[PDB]
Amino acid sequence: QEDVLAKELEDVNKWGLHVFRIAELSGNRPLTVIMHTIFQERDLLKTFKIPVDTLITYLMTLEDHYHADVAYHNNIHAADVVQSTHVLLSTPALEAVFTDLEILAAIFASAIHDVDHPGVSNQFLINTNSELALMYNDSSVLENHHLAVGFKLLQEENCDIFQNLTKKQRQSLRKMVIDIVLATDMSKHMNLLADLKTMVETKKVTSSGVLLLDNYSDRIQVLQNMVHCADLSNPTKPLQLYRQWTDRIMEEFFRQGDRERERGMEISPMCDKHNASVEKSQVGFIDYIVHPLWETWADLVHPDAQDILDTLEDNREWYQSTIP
């Protein structure tokens, strides 16, 4: 089984990695083994003098603080977003554009971006007067929490994977990670996409043909949108993966709706298992959210993402065909 897992991890650079099979073959440690593989691939342990035992200890502790009993927002989703961000970071249009610290920040942000997610939305936490919403004043409630847990865990025994960064490096990384994870709040999607559209319409490329990003605001915006694209990448994956992600988000949505109904609250969009259309909801999700975002990303890195966009469009056609 060890050799089987290593064979599967040879695909870590490919869109459509069989992340559910890696979860099984790793003994439910997909986030740990995919993060470890990616860190080795990018030589991040040597670059940042990260002891391997500290990396594994932190990763296993982080993975533990994802909920194994939530259908979607669990360690498999975290591993998927990490691996998807890793592929997007390798896109030719971005070659040599980001520093090693920015690459570290984007991968680390992906790894922590949903940690300790309870399987219900920000609006549900606000409307039920949850402790989380009281702590965070109704503002990016989950995403502030994911950050606080992700950084707090660095303080557990032999968990500080950043122990050999300089003070300046730690300060820069912390700021970038916060900026990235807060941008995964779905209520910021329209603003993030509008800014990405503006960058595409004003795009500049260097002599080497890669994207020209010469200030913090443009650089962090690309990293924010990259991780957001990875977070919203399920419909761009091979259909057998996409359908499993749909099965899982619908389970989480329906269980939230059952709690809303039981509390006499209005049921959230797509959360009423008695009056839901899974297929129509996926087509609308693609048409109004995912394809607008990915089409814009694909324009930013053209032609690098053409195959990802082609898969998304095929999957949209397939879900549509199950309606008629």
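One-based numbering along the sequence shown. In this text, rigid core is short for the largest set of C-alphas that superpose within 1.5 Å between two forms.
Between stretches 198 to 206 and 104 to 112, greater average Cα displacement in 9 other deposited structures of this protein relative to the shown form, fitted by the core, falls on 198 to 206.
Note on 94 to 102 vs 169 to 177: mean CA B-factor is higher in 94 to 102. The stretch with the higher mean CA B factor, choosing between 201 to 209 and 114 to 122, is 201 to 209. Out of 256, 282, 296, 40, it is 40 whose C-alpha atom has the highest B-factor in the PDB entry. Looking at 265, 289, 62, 33, the one whose CA carries the top B-factor in the deposited record is 265. When the CA B factors of the chain's modelled residues are split into thirds, the value for residue 308 lands in the lowest one. In the PDB entry, residue 155 places in the middle third of its chain by CA B-factor. Remark: residue 187 belongs to the middle third of its chain, ranked by C-alpha B-factor as recorded. Per the PDB record, residue ranking by Cα B-factor puts residue 221 in the lowest third of the chain.
The PDB entry assigns residue 215 a C-alpha temperature factor belonging to the highest third of its chain's modelled residues.
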